[PDB]
$ cat input-v2.csv   # CSV, N, CA and C atoms
chain,number,residue,atom,x,y,z
U,1,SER,N,7.6,10.2,-20.4
U,1,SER,CA,8.2,8.8,-20.1
U,1,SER,C,8.7,8.9,-18.7
U,2,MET,N,9.5,8.0,-18.2
U,2,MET,CA,10.1,7.9,-16.9
U,2,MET,C,10.8,9.1,-16.4
U,3,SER,N,10.3,9.7,-15.3
U,3,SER,CA,10.8,11.1,-14.9
U,3,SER,C,10.7,12.3,-15.9
U,4,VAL,N,9.8,12.2,-16.9
U,4,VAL,CA,9.5,13.2,-17.9
U,4,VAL,C,8.1,13.4,-18.0
U,5,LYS,N,7.5,14.4,-17.3
U,5,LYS,CA,6.1,14.7,-17.2
U,5,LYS,C,5.6,16.0,-17.8
U,6,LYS,N,4.6,15.9,-18.7
U,6,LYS,CA,3.8,17.1,-19.1
U,6,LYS,C,3.3,17.9,-17.8
U,7,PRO,N,3.1,19.2,-17.9
U,7,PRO,CA,2.6,20.0,-16.8
U,7,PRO,C,1.3,19.5,-16.2
U,8,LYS,N,1.1,19.5,-14.9
U,8,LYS,CA,-0.2,19.0,-14.2
U,8,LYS,C,-1.5,19.8,-14.5
U,9,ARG,N,-2.3,19.5,-15.5
U,9,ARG,CA,-3.7,19.9,-15.6
U,9,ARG,C,-4.6,19.7,-14.3
U,10,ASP,N,-5.2,20.8,-13.8
U,10,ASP,CA,-6.0,20.7,-12.6
U,10,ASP,C,-7.3,20.0,-12.8
U,11,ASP,N,-7.4,18.8,-12.2
U,11,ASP,CA,-8.6,17.9,-12.4
U,11,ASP,C,-9.5,17.9,-11.1
U,12,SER,N,-9.2,18.8,-10.2
U,12,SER,CA,-9.9,18.7,-8.8
U,12,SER,C,-11.4,19.0,-8.8
U,13,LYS,N,-11.8,19.8,-9.8
U,13,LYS,CA,-13.2,20.1,-10.0
U,13,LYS,C,-14.0,19.2,-11.0
U,14,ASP,N,-13.3,18.2,-11.5
U,14,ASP,CA,-13.9,17.4,-12.6
U,14,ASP,C,-15.2,16.7,-12.1
U,15,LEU,N,-15.1,16.1,-11.0
U,15,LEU,CA,-16.2,15.4,-10.3
U,15,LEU,C,-17.5,16.2,-10.2
U,16,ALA,N,-17.3,17.4,-9.7
U,16,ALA,CA,-18.4,18.3,-9.5
U,16,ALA,C,-18.9,18.8,-10.8
U,17,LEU,N,-18.0,19.1,-11.7
U,17,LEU,CA,-18.5,19.6,-13.0
U,17,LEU,C,-19.3,18.5,-13.9
U,18,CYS,N,-18.8,17.2,-13.9
U,18,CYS,CA,-19.5,16.1,-14.5
U,18,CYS,C,-20.9,15.9,-13.9
U,19,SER,N,-21.0,16.0,-12.5
U,19,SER,CA,-22.3,16.0,-11.8
U,19,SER,C,-23.2,17.1,-12.2
U,20,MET,N,-22.7,18.3,-12.5
U,20,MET,CA,-23.5,19.4,-12.9
U,20,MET,C,-24.1,19.2,-14.3
U,21,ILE,N,-23.2,18.8,-15.2
U,21,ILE,CA,-23.6,18.4,-16.6
U,21,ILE,C,-24.7,17.3,-16.6
U,22,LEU,N,-24.5,16.3,-15.8
U,22,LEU,CA,-25.4,15.2,-15.6
U,22,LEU,C,-26.8,15.6,-15.1
U,23,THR,N,-26.8,16.6,-14.2
U,23,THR,CA,-28.0,17.2,-13.6
U,23,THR,C,-28.8,17.9,-14.7
U,24,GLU,N,-28.1,18.6,-15.6
U,24,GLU,CA,-28.7,19.3,-16.7
U,24,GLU,C,-29.2,18.4,-17.7
U,25,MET,N,-28.6,17.2,-17.9
U,25,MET,CA,-29.1,16.2,-18.8
U,25,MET,C,-30.4,15.6,-18.3
U,26,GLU,N,-30.3,15.2,-17.0
U,26,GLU,CA,-31.4,14.6,-16.3
U,26,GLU,C,-32.7,15.5,-16.3
U,27,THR,N,-32.6,16.8,-16.3
U,27,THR,CA,-33.7,17.7,-16.2
U,27,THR,C,-34.1,18.2,-17.6
U,28,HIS,N,-33.5,17.9,-18.7
U,28,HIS,CA,-33.9,18.3,-20.0
U,28,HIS,C,-35.2,17.5,-20.3
U,29,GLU,N,-36.1,18.2,-21.1
U,29,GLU,CA,-37.4,17.6,-21.4
U,29,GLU,C,-37.3,16.4,-22.2
U,30,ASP,N,-36.3,16.3,-23.1
U,30,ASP,CA,-36.2,15.1,-23.9
U,30,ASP,C,-35.3,14.0,-23.3
U,31,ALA,N,-35.1,14.1,-22.0
U,31,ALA,CA,-34.3,13.0,-21.3
U,31,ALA,C,-35.1,11.7,-21.0
U,32,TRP,N,-36.4,11.8,-21.1
U,32,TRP,CA,-37.3,10.7,-20.7
U,32,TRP,C,-37.0,9.3,-21.2
U,33,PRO,N,-36.5,9.2,-22.5
U,33,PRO,CA,-36.1,7.8,-22.9
U,33,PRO,C,-34.9,7.2,-22.2
U,34,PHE,N,-34.2,8.1,-21.5
U,34,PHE,CA,-32.8,7.7,-21.0
U,34,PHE,C,-32.6,7.7,-19.5
U,35,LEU,N,-33.7,8.0,-18.8
U,35,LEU,CA,-33.6,8.2,-17.3
U,35,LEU,C,-33.3,6.9,-16.6
U,36,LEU,N,-33.9,5.8,-17.1
U,36,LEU,CA,-33.8,4.5,-16.4
U,36,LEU,C,-33.4,3.5,-17.4
U,37,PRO,N,-32.8,2.3,-16.8
U,37,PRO,CA,-32.5,1.2,-17.7
U,37,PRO,C,-33.7,0.7,-18.6
U,38,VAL,N,-33.4,0.3,-19.8
U,38,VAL,CA,-34.5,-0.3,-20.7
U,38,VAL,C,-34.9,-1.6,-20.0
U,39,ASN,N,-36.2,-1.9,-19.9
U,39,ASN,CA,-36.7,-3.1,-19.3
U,39,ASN,C,-36.5,-4.2,-20.2
U,40,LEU,N,-35.5,-5.0,-20.0
U,40,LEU,CA,-35.1,-6.1,-20.8
U,40,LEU,C,-36.1,-7.3,-20.9
U,41,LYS,N,-37.0,-7.3,-19.9
U,41,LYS,CA,-38.1,-8.3,-20.0
U,41,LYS,C,-39.2,-7.8,-20.9
U,42,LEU,N,-39.4,-6.5,-21.1
U,42,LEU,CA,-40.5,-6.0,-21.8
U,42,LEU,C,-40.2,-5.5,-23.2
U,43,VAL,N,-38.9,-5.4,-23.6
U,43,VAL,CA,-38.6,-4.7,-24.8
U,43,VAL,C,-37.9,-5.8,-25.6
U,44,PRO,N,-38.6,-6.4,-26.6
U,44,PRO,CA,-38.1,-7.4,-27.5
U,44,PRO,C,-36.9,-7.0,-28.3
U,45,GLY,N,-35.9,-7.8,-28.4
U,45,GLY,CA,-34.7,-7.4,-29.2
U,45,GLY,C,-33.6,-6.8,-28.3
U,46,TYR,N,-33.9,-6.1,-27.2
U,46,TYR,CA,-32.9,-5.1,-26.6
U,46,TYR,C,-31.8,-5.8,-26.0
U,47,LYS,N,-32.1,-6.9,-25.3
U,47,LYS,CA,-31.1,-7.7,-24.6
U,47,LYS,C,-30.0,-8.2,-25.6
U,48,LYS,N,-30.5,-8.8,-26.7
U,48,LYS,CA,-29.6,-9.5,-27.7
U,48,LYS,C,-28.8,-8.5,-28.5
U,49,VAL,N,-29.5,-7.4,-28.9
U,49,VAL,CA,-28.9,-6.5,-29.8
U,49,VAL,C,-27.9,-5.5,-29.1
U,50,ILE,N,-28.3,-5.0,-27.9
U,50,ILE,CA,-27.4,-3.9,-27.3
U,50,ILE,C,-26.5,-4.5,-26.3
U,51,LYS,N,-25.3,-4.7,-26.7
U,51,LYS,CA,-24.3,-5.4,-25.9
U,51,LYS,C,-24.0,-4.7,-24.5
U,52,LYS,N,-24.1,-3.4,-24.5
U,52,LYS,CA,-23.7,-2.6,-23.3
U,52,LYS,C,-24.8,-1.6,-23.0
U,53,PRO,N,-25.9,-2.0,-22.4
U,53,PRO,CA,-26.9,-1.0,-22.0
U,53,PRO,C,-26.4,0.1,-21.1
U,54,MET,N,-26.9,1.3,-21.3
U,54,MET,CA,-26.5,2.5,-20.4
U,54,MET,C,-27.6,3.4,-20.4
U,55,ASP,N,-27.8,4.2,-19.2
U,55,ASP,CA,-28.8,5.1,-19.0
U,55,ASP,C,-28.3,6.1,-17.9
U,56,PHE,N,-29.0,7.2,-17.8
U,56,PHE,CA,-28.5,8.3,-16.9
U,56,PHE,C,-28.5,7.9,-15.4
U,57,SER,N,-29.5,7.1,-14.9
U,57,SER,CA,-29.5,6.7,-13.5
U,57,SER,C,-28.2,5.8,-13.2
U,58,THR,N,-27.9,4.9,-14.1
U,58,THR,CA,-26.7,4.1,-13.9
U,58,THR,C,-25.4,5.0,-14.0
U,59,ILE,N,-25.4,6.0,-14.8
U,59,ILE,CA,-24.2,6.8,-14.9
U,59,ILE,C,-24.2,7.6,-13.6
U,60,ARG,N,-25.3,8.1,-13.1
U,60,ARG,CA,-25.3,8.8,-11.8
U,60,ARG,C,-24.8,8.0,-10.6
U,61,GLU,N,-25.3,6.7,-10.4
U,61,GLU,CA,-24.8,5.8,-9.4
U,61,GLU,C,-23.2,5.5,-9.6
U,62,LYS,N,-22.7,5.3,-10.8
U,62,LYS,CA,-21.3,5.1,-11.0
U,62,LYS,C,-20.5,6.4,-10.6
U,63,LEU,N,-21.0,7.5,-11.0
U,63,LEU,CA,-20.3,8.8,-10.6
U,63,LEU,C,-20.3,9.0,-9.1
U,64,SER,N,-21.4,8.8,-8.4
U,64,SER,CA,-21.5,8.9,-6.9
U,64,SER,C,-20.7,7.9,-6.1
U,65,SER,N,-20.3,6.8,-6.7
U,65,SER,CA,-19.6,5.7,-6.0
U,65,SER,C,-18.1,5.5,-6.5
U,66,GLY,N,-17.6,6.5,-7.2
U,66,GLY,CA,-16.1,6.5,-7.6
U,66,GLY,C,-15.8,5.4,-8.6
U,67,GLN,N,-16.8,5.2,-9.5
U,67,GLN,CA,-16.5,4.2,-10.5
U,67,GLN,C,-16.0,4.8,-11.9
U,68,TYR,N,-15.9,6.1,-12.0
U,68,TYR,CA,-15.2,6.7,-13.1
U,68,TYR,C,-13.8,7.1,-12.8
U,69,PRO,N,-12.8,6.5,-13.4
U,69,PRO,CA,-11.4,6.9,-13.0
U,69,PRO,C,-11.1,8.3,-13.6
U,70,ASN,N,-11.7,8.8,-14.6
U,70,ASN,CA,-11.4,10.1,-15.1
U,70,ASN,C,-12.6,10.7,-16.0
U,71,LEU,N,-12.5,11.9,-16.4
U,71,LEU,CA,-13.6,12.5,-17.1
U,71,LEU,C,-13.9,11.8,-18.5
U,72,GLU,N,-12.8,11.2,-19.2
U,72,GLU,CA,-13.1,10.5,-20.4
U,72,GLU,C,-13.9,9.2,-20.3
U,73,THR,N,-13.8,8.5,-19.2
U,73,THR,CA,-14.6,7.3,-19.0
U,73,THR,C,-16.0,7.8,-18.8
U,74,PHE,N,-16.2,8.9,-18.1
U,74,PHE,CA,-17.6,9.5,-17.9
U,74,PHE,C,-18.2,9.8,-19.3
U,75,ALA,N,-17.5,10.5,-20.2
U,75,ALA,CA,-18.0,10.9,-21.5
U,75,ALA,C,-18.3,9.7,-22.4
U,76,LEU,N,-17.5,8.6,-22.2
U,76,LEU,CA,-17.7,7.3,-23.0
U,76,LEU,C,-19.1,6.7,-22.6
U,77,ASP,N,-19.5,6.7,-21.4
U,77,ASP,CA,-20.8,6.2,-20.9
U,77,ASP,C,-21.9,7.0,-21.4
U,78,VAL,N,-21.8,8.4,-21.3
U,78,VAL,CA,-22.8,9.3,-21.8
U,78,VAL,C,-23.0,9.0,-23.4
U,79,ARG,N,-21.9,9.0,-24.1
U,79,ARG,CA,-22.0,8.8,-25.6
U,79,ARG,C,-22.6,7.4,-25.9
U,80,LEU,N,-22.3,6.4,-25.1
U,80,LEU,CA,-22.9,5.1,-25.2
U,80,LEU,C,-24.4,5.1,-25.1
U,81,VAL,N,-25.0,5.9,-24.2
U,81,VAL,CA,-26.4,6.1,-24.1
U,81,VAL,C,-27.0,6.5,-25.6
U,82,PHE,N,-26.3,7.4,-26.3
U,82,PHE,CA,-26.8,7.9,-27.5
U,82,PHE,C,-26.6,7.0,-28.7
U,83,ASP,N,-25.4,6.4,-28.7
U,83,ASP,CA,-25.1,5.3,-29.6
U,83,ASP,C,-26.0,4.1,-29.6
U,84,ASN,N,-26.4,3.7,-28.4
U,84,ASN,CA,-27.4,2.6,-28.2
U,84,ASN,C,-28.7,3.1,-28.8
U,85,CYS,N,-29.1,4.3,-28.5
U,85,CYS,CA,-30.4,4.9,-29.0
U,85,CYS,C,-30.4,4.9,-30.5
U,86,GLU,N,-29.3,5.3,-31.2
U,86,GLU,CA,-29.2,5.2,-32.6
U,86,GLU,C,-29.3,3.8,-33.2
U,87,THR,N,-28.7,2.9,-32.5
U,87,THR,CA,-28.7,1.5,-32.9
U,87,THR,C,-30.1,0.9,-33.0
U,88,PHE,N,-31.0,1.2,-32.0
U,88,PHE,CA,-32.2,0.6,-31.9
U,88,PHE,C,-33.5,1.4,-32.4
U,89,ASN,N,-33.3,2.7,-32.7
U,89,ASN,CA,-34.4,3.5,-33.0
U,89,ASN,C,-34.2,4.2,-34.3
U,90,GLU,N,-35.3,4.3,-35.1
U,90,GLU,CA,-35.2,5.1,-36.3
U,90,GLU,C,-35.0,6.6,-36.0
U,91,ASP,N,-34.1,7.3,-36.8
U,91,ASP,CA,-34.0,8.8,-36.7
U,91,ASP,C,-35.3,9.6,-36.7
U,92,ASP,N,-36.3,9.1,-37.4
U,92,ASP,CA,-37.6,9.7,-37.5
U,92,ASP,C,-38.6,9.0,-36.6
U,93,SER,N,-38.3,9.1,-35.3
U,93,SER,CA,-39.2,8.6,-34.2
U,93,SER,C,-39.0,9.6,-33.1
U,94,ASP,N,-40.0,9.7,-32.2
U,94,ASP,CA,-39.7,10.6,-31.1
U,94,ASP,C,-38.4,10.2,-30.3
U,95,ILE,N,-38.2,8.9,-30.1
U,95,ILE,CA,-37.0,8.5,-29.2
U,95,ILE,C,-35.7,8.8,-30.0
U,96,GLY,N,-35.8,8.5,-31.3
U,96,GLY,CA,-34.6,8.8,-32.2
U,96,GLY,C,-34.2,10.2,-32.3
U,97,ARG,N,-35.2,11.1,-32.4
U,97,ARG,CA,-35.0,12.6,-32.3
U,97,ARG,C,-34.5,13.1,-30.9
U,98,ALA,N,-35.1,12.5,-29.8
U,98,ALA,CA,-34.7,12.8,-28.5
U,98,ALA,C,-33.2,12.5,-28.3
U,99,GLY,N,-32.7,11.4,-28.9
U,99,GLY,CA,-31.3,11.0,-28.8
U,99,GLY,C,-30.4,12.0,-29.5
U,100,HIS,N,-30.8,12.4,-30.7
U,100,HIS,CA,-30.0,13.4,-31.4
U,100,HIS,C,-29.9,14.7,-30.7
U,101,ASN,N,-31.0,15.2,-30.2
U,101,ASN,CA,-31.1,16.4,-29.4
U,101,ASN,C,-30.2,16.4,-28.2
U,102,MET,N,-30.3,15.3,-27.4
U,102,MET,CA,-29.5,15.1,-26.1
U,102,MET,C,-28.0,15.0,-26.4
U,103,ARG,N,-27.6,14.3,-27.5
U,103,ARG,CA,-26.2,14.2,-27.8
U,103,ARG,C,-25.6,15.7,-28.1
U,104,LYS,N,-26.4,16.4,-28.9
U,104,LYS,CA,-26.0,17.8,-29.2
U,104,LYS,C,-25.9,18.7,-28.0
U,105,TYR,N,-26.9,18.6,-27.1
U,105,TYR,CA,-26.9,19.3,-25.9
U,105,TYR,C,-25.6,18.9,-25.0
U,106,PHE,N,-25.4,17.6,-24.9
U,106,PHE,CA,-24.2,17.2,-24.1
U,106,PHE,C,-22.9,17.7,-24.7
U,107,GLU,N,-22.7,17.6,-26.0
U,107,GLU,CA,-21.4,17.9,-26.6
U,107,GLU,C,-21.1,19.3,-26.5
U,108,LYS,N,-22.1,20.2,-26.6
U,108,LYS,CA,-21.9,21.6,-26.3
U,108,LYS,C,-21.5,21.9,-24.8
U,109,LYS,N,-22.2,21.4,-23.8
U,109,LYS,CA,-21.8,21.6,-22.4
U,109,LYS,C,-20.4,21.0,-22.2
U,110,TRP,N,-20.1,19.9,-22.8
U,110,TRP,CA,-18.8,19.3,-22.6
U,110,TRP,C,-17.6,20.2,-23.1
U,111,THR,N,-17.8,20.7,-24.3
U,111,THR,CA,-16.8,21.6,-25.0
U,111,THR,C,-16.7,22.9,-24.2
U,112,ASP,N,-17.9,23.5,-23.8
U,112,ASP,CA,-17.8,24.7,-23.0
U,112,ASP,C,-17.2,24.6,-21.6
U,113,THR,N,-17.4,23.4,-21.0
U,113,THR,CA,-16.9,23.2,-19.7
U,113,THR,C,-15.4,22.9,-19.6
U,114,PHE,N,-14.9,22.2,-20.6
U,114,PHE,CA,-13.6,21.5,-20.5
U,114,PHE,C,-12.6,21.9,-21.7
U,115,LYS,N,-13.1,22.4,-22.8
U,115,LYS,CA,-12.2,22.6,-24.0
U,115,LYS,C,-12.1,24.0,-24.5

$ encode --input "input-v2.csv" --output "structure tokens"
Amino acid sequence: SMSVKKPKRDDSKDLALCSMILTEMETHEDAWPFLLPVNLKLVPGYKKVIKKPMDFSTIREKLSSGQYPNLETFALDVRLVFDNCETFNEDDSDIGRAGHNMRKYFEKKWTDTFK
């Protein structure tokens, strides 16, 4: 509360570490469905159904331009990529499988890096 603060957690490496994690996600072999924004002119349904589209390139631009106020807002956008994937794709499809794999991969790097 006012004049009563928990001890200061060092957050000075967070930017660099989120960049590293993002690089690892971008270079994973199953990242291909997620590298670029879904083409809303060419994919029927996507615009109306997915209220908040997200992809790795868009997360990379936001990270590079100071649009994440902290590491939790970064993790929210990453998870949104996989939540959208689950919303639009069957679990038993190549894209549906890619999404489950990438989420698992992310959550491990996240835990190992920060928890």

$ closest_residue --input "input-v2.csv" --among "U:100, U:113, U:47, U:79" --to "residue U:17" --atoms "all atoms listed in the file"
U:113

$ atom_distance --input "input-v2.csv" --atom1 "atom C of residue U:30" --atom2 "atom CA of residue U:115"
24.7 Å

$ closest_residue --input "input-v2.csv" --among "U:34, U:50, U:6, U:20" --to "residue U:87" --atoms "only N, CA and C atoms"
U:50

$ residues_around --input "input-v2.csv" --residues "stretch 54-67 of chain U" --least-positions-apart "5" --cutoff "8 Å" --atoms "all atoms listed in the file" --output "ChimeraX atom specification"
/U:15,18-19,22,25-26,33-38,73-74,77-78,80-82,84

$ axis_aligned_box --input "input-v2.csv" --around "stretch 96-113 of chain U" --padding-each-side "8 Å" --output "lines of an AutoDock Vina configuration file"
center_x = -25.6
center_y = 16.6
center_z = -26.0
size_x = 36.4
size_y = 32.2
size_z = 28.8

$ closest_residue --input "input-v2.csv" --among "U:52, U:83, U:72, U:42" --to "residue U:103" --atoms "only N, CA and C atoms"
U:83

$ atom_distance --input "input-v2.csv" --atom1 "atom CA of residue U:88" --atom2 "atom CA of residue U:46"
7.8 Å

$ atom_distance --input "input-v2.csv" --atom1 "atom CA of residue U:107" --atom2 "atom CA of residue U:71"
13.4 Å

$ select_by_dssp --input "input-v2.csv" --residues "stretch 6-94 of chain U" --states "helix (DSSP H, G or I)" --output "number ranges by chain"
U: 14-27, 29-31, 46-49, 56-64, 71-88, 94
